[PDB]
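To start, the structure itself, in structure tokens.
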Amino acid sequence: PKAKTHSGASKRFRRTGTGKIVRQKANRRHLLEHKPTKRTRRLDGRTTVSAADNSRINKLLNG
Amino acid sequence: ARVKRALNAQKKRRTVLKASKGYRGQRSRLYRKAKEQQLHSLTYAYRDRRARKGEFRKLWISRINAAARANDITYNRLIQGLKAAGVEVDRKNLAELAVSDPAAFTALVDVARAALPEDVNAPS
Amino acid sequence: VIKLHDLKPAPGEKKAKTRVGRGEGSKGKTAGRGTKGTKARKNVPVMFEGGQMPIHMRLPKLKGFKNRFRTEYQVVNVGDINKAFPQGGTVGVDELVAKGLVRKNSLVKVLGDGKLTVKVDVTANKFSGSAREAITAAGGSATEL
Amino acid sequence: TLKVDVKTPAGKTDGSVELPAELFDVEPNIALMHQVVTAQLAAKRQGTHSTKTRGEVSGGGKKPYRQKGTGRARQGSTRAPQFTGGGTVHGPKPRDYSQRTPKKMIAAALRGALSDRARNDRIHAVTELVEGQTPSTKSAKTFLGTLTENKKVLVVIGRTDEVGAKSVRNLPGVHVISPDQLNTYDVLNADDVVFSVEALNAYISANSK
RNA sequence: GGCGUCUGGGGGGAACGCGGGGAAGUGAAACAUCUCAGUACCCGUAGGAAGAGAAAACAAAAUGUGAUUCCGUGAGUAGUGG
RNA sequence: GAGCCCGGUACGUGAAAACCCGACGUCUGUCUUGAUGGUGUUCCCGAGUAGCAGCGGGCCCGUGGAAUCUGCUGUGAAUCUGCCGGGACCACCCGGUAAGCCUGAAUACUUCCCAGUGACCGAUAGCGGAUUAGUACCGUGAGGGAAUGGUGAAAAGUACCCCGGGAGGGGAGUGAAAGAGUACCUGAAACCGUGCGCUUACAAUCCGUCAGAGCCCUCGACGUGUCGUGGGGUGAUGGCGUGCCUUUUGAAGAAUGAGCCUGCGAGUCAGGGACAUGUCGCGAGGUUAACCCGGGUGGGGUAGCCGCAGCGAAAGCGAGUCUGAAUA
Numbered sequence: 002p003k004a005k006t007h008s009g010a011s012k013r014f015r016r017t018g019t020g021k022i023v024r025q026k027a028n029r030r031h032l033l034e035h036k037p038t039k040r041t042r043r044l045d046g047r048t049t050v051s052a053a054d055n056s057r058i059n060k061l062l063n064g
Numbered sequence: 002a003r004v005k006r007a008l009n010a011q012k013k014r015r016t017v018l019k020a021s022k023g024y025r026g027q028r029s030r031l032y033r034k035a036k037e038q039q040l041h042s043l044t045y046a047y048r049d050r051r052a053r054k055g056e057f058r059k060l061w062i063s064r065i066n067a068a069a070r071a072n073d074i075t076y077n078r079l080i081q082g083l084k085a086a087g088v089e090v091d092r093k094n095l096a097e098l099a100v101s102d103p104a105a106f107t108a109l110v111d112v113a114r115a116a117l118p119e120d121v122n123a124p125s
Numbered sequence: 003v004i005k006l007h008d009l010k011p012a013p014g015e016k017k018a019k020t021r022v023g024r025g026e027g028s029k030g031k032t033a034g035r036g037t038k039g040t041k042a043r044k045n046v047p048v049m050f051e052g053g054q055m056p057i058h059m060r061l062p063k064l065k066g067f068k069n070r071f072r073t074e075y076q077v078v079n080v081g082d083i084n085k086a087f088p089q090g091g092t093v094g095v096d097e098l099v100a101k102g103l104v105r106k107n108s109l110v111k112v113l114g115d116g117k118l119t120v121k122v123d124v125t126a127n128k129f130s131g132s133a134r135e136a137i138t139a140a141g142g143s144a145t146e147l
Numbered sequence: 002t003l004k005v006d007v008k009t010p011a012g013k014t015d016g017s018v019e020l021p022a023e024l025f026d027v028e029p030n031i032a033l034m035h036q037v038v039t040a041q042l043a044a045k046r047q048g049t050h051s052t053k054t055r056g057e058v059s060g061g062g063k064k065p066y067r068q069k070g071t072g073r074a075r076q077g078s079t080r081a082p083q084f085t086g087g088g089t090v091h092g093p094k095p096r097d098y099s100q101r102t103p104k105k106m107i108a109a110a111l112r113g114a115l116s117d118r119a120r121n122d123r124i125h126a127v128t129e130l131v132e133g134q135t136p137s138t139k140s141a142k143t144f145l146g147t148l149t150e151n152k153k154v155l156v157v158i159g160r161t162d163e164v165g166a167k168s169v170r171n172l173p174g175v176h177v178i179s180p181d182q183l184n185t186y187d188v189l190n191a192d193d194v195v196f197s198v199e200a201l202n203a204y205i206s207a208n209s210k
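Chains as they are written, first to last, in the entry's author numbering: chain e, 2 to 64; chain R, 2 to 125; chain M, 3 to 147; chain E, 2 to 210.
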């Protein structure tokens, strides 16, 4: 039997050229009238995932 | 490749049982109960081998102090004299001299008396 | 003369399996699992975090789509062209795959990375901006299919 | 290039063959030969061995007695692994033991095994084992004794050669194998290799091209 | 409808086929959508195999394939999902 | 422990009859009262079908923008500038010609029969069943469902005498062996005795351990018995000393489990799976899957997969790329 890649993790994370794992930030979907532009500006773009959960994420994406 | 565990297992049963001969009751017949004894038996030995050195050193002191008081000198002073006099016979042979050939022990005591200070309670 | 009894594995090849739960001398009575609990009896799933919303469910999904009709090219750098063809000559797609520069059935595009010093008449499905210059300035022709 | 002197049953040398330096002069690789010959043995071993688990034993589908009150151990079936007659818990199942070994690894093993024979002067070539169209193992035994005195030998004989093959079959230590079916395990198991001139050329022509 | 007369059925069988009906324990760390599963079981039926089969088919501008069935890949991907 | 003793094997030979495969004919049917290529119009090309609507099923697709396939209820067309498909739909282009029916080979299986194979089990294993086996036995019934293999080369299975009611035994015999006597190969442990050596009836003992008097046995040297780089068995007496496993902050624990012995009883397997780490082959390349040819483990098999360029949601660009009005 093959190993089924996790559907949710496959739709949220990415692999870059070197093998990094990136992710998007939260708190940017709704209820953002009162969030100043500084908060929203720092909340966009892909960020390398923390090394705390880098072990679990590799297991999900690769298997 | 089914393996019958008779040959491999019977080996350790013979060792404990043969080594537990002379025990009283169940501790001499059944492997389960004999093994429980061999755990204690080999723990007692390792503790008694260390304690034997202290025990035998003791018996010698009792023989030394008994003969030392027969020559009118307390044991603690007799040792203080001997250390000061430069005699370095241990306790095993000192107890041996005291029992077997008392003539030498009297000679040793007289050496200890001489090397003792004049007033042993002096703050020197 | 070697026989079947002279054949030995290379040192470090074969390593003895660690039997587990086979006596308290090695790995006894718990087999490395510790005492009671969930992980003592069976296992715990990878995507499970004790109830808290998992890292794969409290992060927004990645943006966009895939565009099924995406045309993905196979790229060979002009630097590789120089190395594989010191003399020069014509180099079509078949000539590239003969030197193992691109996959056999792919859509080749030539990219201008290295330095080209040879007279070469390439033929690829597309060319980057610098690939045109590197081919032409070195006295070559780049005709695309 | 090793020059192999060709012999005939009459004892007269016929010619010579030139073993290529590619095929018959590789440095033997013990670690590579060992992996290959283990792979063939594993493919030989057939995995016909099985035992019935707790699920496949006949019966034992009922809780033999109550959970509480009886005073005996809690038991869920009469065929559980701990019972006598119960199922086998981690038993053997029928499995295949063949393993995938790369073609380059397998071929290079044969070259190393053959190159070893050539160095020590064990490779022999013969035009034909016996007089044609009449099997006779007495003649073949006399010939083989003349060539090599060792106990075991391997004879590479062309598929269409039947008088030779059916002659040396009955011999105790002699193994006969087609030049296409040449393998590492057979080669190493032999003290000598008694090629056939038509077979030796066929083997050489197959690889050298 | 009643007669008389000729030919057929009826029941059994371990697996495999085809068409119907169709759960629950279980996983979801609860649970109803969902999964388990069109699985277990039941029904009607043949055969030595059955079913499918000779384009109201794919395809994508190539002057391409050309009945069905069965393996390997495509691929745990495109997608779908409280 | 047999190639040369037997059954056989290699290799050949054998069918009255029945059945099965072929093959050649009787026989059956069809074309020849027939074909080939040309021109311009009317008729035909599968009907309560297709299509549409309501409610469902199933397709990667959980009704979603929901195509194609299909069930039930209504509504209900055209016959070729016709109709249906090219993921709502519309136009153009392309493919096909539904509502009629048969079709072998490639494929799945083994109740049964024949010949084989095993880095499978060897009597608590392997089928539940090596023996009365789905038998004995339990249940009204559906159903549940056991235990028991081995004397010896041959039975030569102990004639005859003695004790005894018999069972059983002792002589005598067969036997290589009766430490093989139909309770029979080998014959362990728990458990049960008999004989001998040491010790024990003023004594508080997780039953041992370290010292250790006496008695008994043994091996040497030296005389009557006496020592020794000695070995054994018992142990009077002194010192020390709170079972084993689980599970606990903590158990000798008055927390749990075990009456004893012998058998049996728990990290295994599948997948080109995932990650990591050794070792081996080739190396900017590595490798085949299915399948085909070989009584084999060998040879072929380029379809695919991994590496070889990245960024971006994507169009795209490319040693750059995205954001951005920006070389910011």
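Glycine included, C-beta positions come from ideal geometry on N, C-alpha and C.
Chain-ordered chain M contacts of residue i [CB-CB under 9 Å]
i                    : result
residue 38 (chain E) : 6, 9
residue 7 (chain e)  : 48, 49, 58
residue 30 (chain e) : 62
Residue interval of the alpha helix (DSSP H) (run including residue i)
i                     : result
residue 84 (chain R)  : 76 to 86
residue 112 (chain M) : From DSSP, residue 112 (chain M) is part of no alpha helix (DSSP H) but of the beta strand (DSSP E) over 110 to 113.
residue 9 (chain R)   : 7 to 20
residue 60 (chain e)  : 55 to 63
residue 22 (chain e)  : From DSSP, residue 22 (chain e) is part of no alpha helix (DSSP H) but of the beta strand (DSSP E) over 22 to 24.
residue 38 (chain E)  : 31 to 45
residue 138 (chain M) : 131 to 139
residue 3 (chain E)   : Where residue 3 (chain E) is concerned, there is no enclosing alpha helix (DSSP H), although the beta strand (DSSP E) it sits in stretches over 3 to 8.
residue 11 (chain e)  : 8 to 11
heavy atom of the ligand FAD below 8 Å from residue i C-beta
i                    : result
residue 12 (chain M) : This structure does not include the ligand FAD; it has no bound ligands of any sort.
Straight-line gap, residue i to residue j (C-alpha atoms, nearest Å)
i                     : j                     : result
residue 47 (chain M)  : residue 93 (chain E)  : 29 Å
residue 150 (chain E) : residue 28 (chain E)  : 26 Å
residue 14 (chain E)  : residue 127 (chain E) : 9 Å
residue 82 (chain M)  : residue 136 (chain M) : 13 Å
residue 74 (chain M)  : residue 201 (chain E) : 51 Å
residue 67 (chain e)  : residue 69 (chain M)  : Summary: the structure shown does not reach residue 67 (chain e), with chain e confined to residues 2 through 64, and so no result is reported for it.
residue 6 (chain E)   : residue 134 (chain E) : 25 Å
residue 6 (chain M)   : residue 111 (chain E) : 14 Å
residue 19 (chain E)  : residue 109 (chain M) : 48 Å
residue 196 (chain E) : residue 157 (chain E) : 5 Å
residue 138 (chain M) : residue 144 (chain M) : 7 Å
residue 49 (chain e)  : residue 57 (chain e)  : 14 Å
residue 173 (chain E) : residue 11 (chain M)  : 31 Å
residue 129 (chain M) : residue 111 (chain M) : 6 Å
residue 107 (chain R) : residue 51 (chain R)  : 33 Å
residue 114 (chain M) : residue 80 (chain M)  : 5 Å
residue 75 (chain E)  : residue 7 (chain R)   : 29 Å
residue 59 (chain E)  : residue 65 (chain E)  : 15 Å
Within chain E, the residues that residue i reaches when beta carbons sit closer than 7 Å
i                    : result
residue 12 (chain M) : 32
Closer than 8 Å at the beta carbon, the chain M residues around residue i
i                    : result
residue 61 (chain e) : 48, 49, 58
residue 12 (chain e) : 63, 64
residue 24 (chain e) : 61
residue 16 (chain e) : Correct list: empty, because the minimum Cβ distance to chain M is about 12 Å.
Residue i - containing beta strand (DSSP E), residue span
i                     : result
residue 126 (chain E) : 124 to 127
residue 187 (chain E) : Element bounds for residue 187 (chain E): not the beta strand (DSSP E) but the alpha helix (DSSP H), 185 to 189.
Closer than 7 Å at the beta carbon, the chain M residues around residue i
i                    : result
residue 27 (chain e) : 60, 61, 62
Chain-ordered neighbours of residue i on chain E, where CB pairs are closer than 9 Å
i                   : result
residue 3 (chain M) : 117, 118, 120, 121, 123, 192
(request) Please name the residues in the segment 163 to 195 of chain E whose beta-carbon is closer than 7 Å to at least one beta-carbon of chain M, in chain order. (result) Within the segment 163 to 195 of chain E, the residues whose Cβ lies closer than 7 Å to some Cβ of chain M are 189, 190, listed in chain order.
(request) Check each residue of the segment 19 to 45 of chain E: if its Cβ is closer than 7 Å to any Cβ of chain M, include it; give the result in chain order. (result) Residues of the segment 19 to 45 of chain E with a C-beta atom less than 7 Å from some C-beta of chain M are 29, 31, 32, 34, 35, 38, listed in chain order.
(request) Kindly provide the ranges of any alpha helix (DSSP H) runs that are 4 or more residues long and lie completely inside the segment 91 to 121 of chain R, ordered along the chain. (result) Fully enclosed alpha helix (DSSP H) runs of 4 or longer: 92 to 101, 103 to 116.
(request) Identify each residue in the segment 91 to 119 of chain E for which the Cβ-Cβ distance to at least one residue of chain M is less than 7 Å, and report them in chain order. (result) Here the close residues are 117.
(message) Tell me which residues of the segment 30 to 55 of chain e have at least one Cβ-Cβ distance to chain M shorter than 7 Å, keeping chain order.
(response) Those residues of the segment 30 to 55 of chain e that come within reach of chain M (Cβ to Cβ, closer than 7 Å) are 30, 54.
(message) Going residue by residue through the segment 38 to 76 of chain M, where are the continuous beta strand (DSSP E) segments of at least 3 residues, counting only ones entirely within it?
(response) Fully enclosed beta strand (DSSP E) runs of 3 or longer: not present.
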